[PDB]
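Contents: one structure, followed by commentary.
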Amino acid sequence: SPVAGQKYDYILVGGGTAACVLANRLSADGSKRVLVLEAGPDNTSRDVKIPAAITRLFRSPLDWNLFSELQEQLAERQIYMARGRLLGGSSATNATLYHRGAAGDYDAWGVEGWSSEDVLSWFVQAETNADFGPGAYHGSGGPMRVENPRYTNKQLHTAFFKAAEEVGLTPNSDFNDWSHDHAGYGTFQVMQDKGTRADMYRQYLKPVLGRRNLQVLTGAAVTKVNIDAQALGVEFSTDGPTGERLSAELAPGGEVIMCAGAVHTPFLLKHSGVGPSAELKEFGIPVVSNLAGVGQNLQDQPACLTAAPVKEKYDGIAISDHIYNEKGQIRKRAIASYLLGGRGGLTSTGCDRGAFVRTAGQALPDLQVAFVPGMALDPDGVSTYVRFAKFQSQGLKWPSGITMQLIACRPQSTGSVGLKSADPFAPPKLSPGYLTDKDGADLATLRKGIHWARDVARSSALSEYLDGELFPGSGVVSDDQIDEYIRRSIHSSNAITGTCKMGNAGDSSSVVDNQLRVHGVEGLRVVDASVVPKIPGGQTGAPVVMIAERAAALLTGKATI
Ligand SMILES: Cc1cc2nc3c(=O)[nH]c(=O)nc-3n(C[C@H](O)[C@H](O)[C@H](O)COP(=O)(O)OP(=O)(O)OC[C@H]3O[C@@H](n4cnc5c(N)ncnc54)[C@H](O)[C@@H]3O)c2cc1C
Ligand SMILES: CCCCCCCCCCCCCCCCCC(=O)O
Ligand SMILES: CCCCCCCCCCCCCCCCCC(=O)O
Numbered sequence: 077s078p079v080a081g082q083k084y085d086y087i088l089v090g091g092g093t094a095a096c097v098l099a100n101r102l103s104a105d106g107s108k109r110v111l112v113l114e115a116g117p118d119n120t121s122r123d124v125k126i127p128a129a130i131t132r133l134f135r136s137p138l139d140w141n142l143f144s145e146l147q148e149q150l151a152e153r154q155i156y157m158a159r160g161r162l163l164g165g166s167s168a169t170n171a172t173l174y175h176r177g178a179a180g181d182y183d184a185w186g187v188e189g190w191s192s193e194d195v196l197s198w199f200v201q202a203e204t205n206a207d208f209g210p211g212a213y214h215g216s217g218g219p220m221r222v223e224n225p226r227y228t229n230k231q232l233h234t235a236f237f238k239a240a241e242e243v244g245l246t247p248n249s250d251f252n253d254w255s256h257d258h259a260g261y262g263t264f265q266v267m268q269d270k271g272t273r274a275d276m277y278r279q280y281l282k283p284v285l286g287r288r289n290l291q292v293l294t295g296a297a298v299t300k301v302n303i304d310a311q312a313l314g315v316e317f318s319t320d321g322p323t324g325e326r327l328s329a330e331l332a333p334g335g336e337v338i339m340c341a342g343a344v345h346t347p348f349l350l351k352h353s354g355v356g357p358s359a360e361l362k363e364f365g366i367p368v369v370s371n372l373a374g375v376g377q378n379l380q381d382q383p384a385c386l387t388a389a390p391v392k393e394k395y396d397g398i399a400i401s402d403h404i405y406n407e408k409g410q411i412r413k414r415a416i417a418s419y420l421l422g423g424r425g426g427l428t429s430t431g432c433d434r435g436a437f438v439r440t441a442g443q444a445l446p447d448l449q450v451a452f453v454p455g456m457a458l459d460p461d462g463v464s465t466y467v468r469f470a471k472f473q474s475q476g477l478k479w480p481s482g483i484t485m486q487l488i489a490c491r492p493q494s495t496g497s498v499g500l501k502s503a504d505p506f507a508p509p510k511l512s513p514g515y516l517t518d519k520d521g522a523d524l525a526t527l528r529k530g531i532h533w534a535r536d537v538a539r540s541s542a543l544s545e546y547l548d549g550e551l552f553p554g555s556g557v558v559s560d561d562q563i564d565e566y567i568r569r570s571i572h573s574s575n576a577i578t579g580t581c582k583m584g585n586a587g588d589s590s591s592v593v594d595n596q597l598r599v600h601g602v603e604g605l606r607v608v609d610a611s612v613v614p615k616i617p618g619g620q621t622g623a624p625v626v627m628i629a630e631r632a633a634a635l636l637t638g639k640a641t642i
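Next up, the structure:
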């Protein structure tokens, strides 16, 4: 009906991070007709624009509300795995932390055309940085907005940096400068524009919407890719399960580009008969291409946390004191600094200072620390954000304190995504696989992370401010007690890469080639976090945008690869 008698040179499945970038580059010269299909709504919520309102996006109608299969190894728990559901995708709902990891992470892919020397200039092309001048590591011209966070907690941010130095860490002035070693303490830059979320809808898609060759449908859930093997286009509903199934057709030479993210791309490819035959057979799905790797190599960065209250003399100095009054009302001072100056607590996603640490002489840091100048009231950091949102207007005072989140940033465990039913509107079968690596390296990383965070809090610099420890608490002393606390509290830092991994020729574990072309289908590609062979250290948004920029340069003939 909206797609009736139309032919497309590109159909983008999903309108998320990578999709927004491609919708921009692919529709640029005007020759090519581009369709974007997004299950979620338009990007208009105020909870998207204001960074601190990330607290409200968790477990909201703008999230997929995904829960994992029971995890035997995690105290028999289902794990929440947040994913954005709207134009912009997870760039619209994330913590805005701007990280690339280290050159070593790209060299460790071992995929021809995709070394550190190859990807660098693509990071730079994407970026306008407010706080680093232009050079080999920073752009001044690209659609992304990157800045130093516009909120500083003068007492607790200073205390954390002094504490990190006190325990023997060196400062890193730029976690994204590949001439520096990745390890050290300092500030995480954010994907913000003077304290407004700079998601890839705002930066890439929204400025080019008036282009006549670009069509974008929202509330448009893709149920499968129509394949003949050669991609014909895709099927979708414009009213969810109980809505008419339409179909969208490629023009001659046209391609379907999968941009439904490391969770939904493999789910859709499987419902499209691409992935392991046995999984397909289980639900009477015809096998079009039998690929081992579809839904495999799920890499996510797991987290735990410590948290401590401030001494009574420091009541009122926390970010929670800057955002909420003693009755849980948003402070009129916070709203004013935000709207008049793009300053203050509402510009914060909380977790934008920290460190990369080697717990045991690894080639690259295994541990990322995110310091928060506010106290966790749930050992699950993501649950704490949900409760912080739900706390508003409850007539209660959030206690002043700090959190350190510990993230296994180069993890050795892998998980999977597959099918629980034949209904393409059914939640996928999600297994994060945290703490399954055979050497128990990921648990070792987080356990040593807890020891590190306790040394930092017991430092003279943080001892000044802190009064005891709430999580894990003085009950948790031995390494076995620490590991048990981790099993019970472990949560996502919300990466998720690797589920349609790219590989060299003659790697049967791979799903796409170095050109992002799906093995044994013609005119079908994947351009999202699915393709990352081995997850880099740090949050995964900037690497997705770098892959999208390079994919678009490839598709429009401006570069090889
Ligand atoms: C809560 C959270 C916090 C994060 N924090 C950070 C951080 O601070 N910094 C950072 O760099 N990274 C962060 N990340 C990760 C980062 O946001 C993602 O890695 C990146 O945005 C992935 O982009 P993508 O295009 O691969 O997927 P997405 O951006 O998730 O795009 C997938 C899109 O496909 C849509 N879709 C799914 N199924 C269908 C269907 N059937 N039909 C149509 N559309 C469909 C989804 O609704 C979504 O809009 C965070 C992630 C989350 C979820
Ligand atoms: C706890 C999470 C904080 C949520 C922030 C709520 C802010 C309340 C202000 C409501 C009215 C003023 C709106 C000002 C700006 C709204 C969006 C924008 O245009 O940037
Ligand atoms: C915004 C103010 C929050 C106050 C509550 C403090 C509790 C801290 C919990 C730990 C941080 C959770 C981060 C969730 C966002 C995901 C980002 C990431 O870790 O990559």
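Taken in order, the sequence shown gives residues 77 to 304, 310 to 642; the numbers are from PDB author numbering.
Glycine included, every Cβ here is placed at the ideal spot set by N, Cα and C.
Measure the Cβ-Cβ separation of residue i and residue j and say whether it is below 8 Å.
i           : j    : result
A388        : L511 : no
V626        : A202 : yes
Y213        : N252 : yes
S591        : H600 : yes
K392        : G376 : no
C581        : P219 : no
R221        : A259 : no
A534        : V450 : yes
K238        : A542 : yes
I87         : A329 : yes
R161        : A115 : yes
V337        : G314 : yes
residue 308 : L327 : Missing here is residue 308: after 304, the next number in the chain is 310.
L597        : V613 : no
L379        : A417 : no
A610        : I642 : no
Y515        : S540 : no
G579        : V187 : no
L113        : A296 : yes
I'd like the span of the alpha helix (DSSP H) that includes residue i, first residue to last.
i    : result
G314 : Note, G314: premise wrong, no alpha helix (DSSP H); beta strand (DSSP E) at 312–318.
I563 : 560–570
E114 : Per DSSP, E114 belongs to no alpha helix (DSSP H) and is neither H nor E.
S418 : 413–422
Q231 : 230–242
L102 : 93–102
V124 : 122–125
Kindly identify the DSSP beta-bridge partner or partners of residue i.
i    : result
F552 : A388
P347 : According to DSSP, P347 bridges with nothing at all.
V266 : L173, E223
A451 : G435, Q486
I338 : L88, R606
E330 : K83, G314
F472 : Answer is none; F472 lacks a bridge partner.
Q596 : None, per the DSSP bridge assignment.
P247 : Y261
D139 : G160
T272 : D269
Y405 : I411
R153 : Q147
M583 : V593
Under DSSP, the beta strand (DSSP E) around residue i begins and ends at which residues?
i           : result
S512        : 510–512
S191        : Unbroken run through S191: none, as it is neither H nor E.
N302        : 297–303
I483        : 482–489
residue 305 : This model leaves out residue 305; its place in the chain lies between 304 and 310, and no residues are given there.
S497        : 497–499
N205        : 203–205
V537        : Premise fails: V537 lies in the alpha helix (DSSP H), 522–539, not in any beta strand (DSSP E).
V292        : 290–293
Does the pairing of the region 107–123 with the region 274–293 give three or more beta-carbon distances under 8 Å? They touch, by the three-pair rule.
Quick test of the definition: if touching needs 3 or more C-beta pairs under 8 Å, does the region 561–574 touch the region 413–428? With the rule of 3 Cβ pairs closer than 8 Å, the region 561–574 does not count as touching the region 413–428.
Quick test of the definition: if touching needs 3 or more C-beta pairs under 8 Å, does the region 528–540 touch the region 477–488? Contact check between the region 528–540 and the region 477–488: three or more CB pairs, one atom from each, fall below 8 Å, which counts as touching.
With a cut-off of 8 Å, do at least 3 Cβ pairs link the region 97–111 to the region 441–450? Contact check between the region 97–111 and the region 441–450: fewer than three CB pairs, one atom from each, fall below 8 Å, which does not count as touching.
So, do the region 407–425 and the region 492–511 have three or more beta carbon pairs nearer to each other than 8 Å? The region 407–425, when compared against the region 492–511, does not touch it at the 8 Å Cβ threshold.
When you compare the region 464–482 with the region 399–414, are there three or more beta-carbon pairs, one atom per stretch, that lie closer than 8 Å? Taking one beta carbon from each stretch, the region 464–482 and the region 399–414 have 3 or more pairs nearer than 8 Å; the two touch.
Does the contact criterion of 3 or more C-beta pairs under 8 Å hold for the region 615–624 versus the region 168–182? Contact annotation: the region 615–624 touches the region 168–182, with at least three C-beta pairs closer than 8 Å.
Does the region 134–151 come close enough to the region 162–171 that 3 or more CB-CB pairs lie under 8 Å? At 8 Å Cβ cutoff, the stretches touch.
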